[PDB]
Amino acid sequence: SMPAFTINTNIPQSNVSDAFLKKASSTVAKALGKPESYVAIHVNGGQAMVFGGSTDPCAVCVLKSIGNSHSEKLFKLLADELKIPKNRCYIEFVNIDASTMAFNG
């Protein structure tokens, strides 16, 4: 399984550097406590988006995993690297197939 961080933004894609991509990969790997070899990052820039009624710069993101500290770091990463006001960075953390944990004595 590969945790995946998807960023949808109306920032022009030319403002998304490879340096930012690697920094995001490392941040996500450290946040989830998983090896970077299993992490996928997907930045979809230059999108036509409305966020709260405004088309001003924004980011709508999902961190998807199967089954805290670095999460606020993900917010700062978006705001500082993409130059998006923090109140227009939105992230949904999605844990798929993670409803049940079972223990035997």
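All residue numbers refer to positions in the sequence shown, first residue = 1.
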| If you count the residues of the deposited sequence that sit between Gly67 and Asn68 but have no coordinates, do you get none, 1 to 3, 4 to 9, or 10 or more? | 4 to 9
| remark: Going by the entry, of stretches 90 to 98 and 14 to 22 the one with greater average Cα B-factor is 14 to 22
| Which has the higher mean CA temperature factor in the PDB entry, 38 to 46 or 23 to 31? | 23 to 31
| field | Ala79 - which third its CA temperature factor falls in, relative to the rest of the chain | value | middle
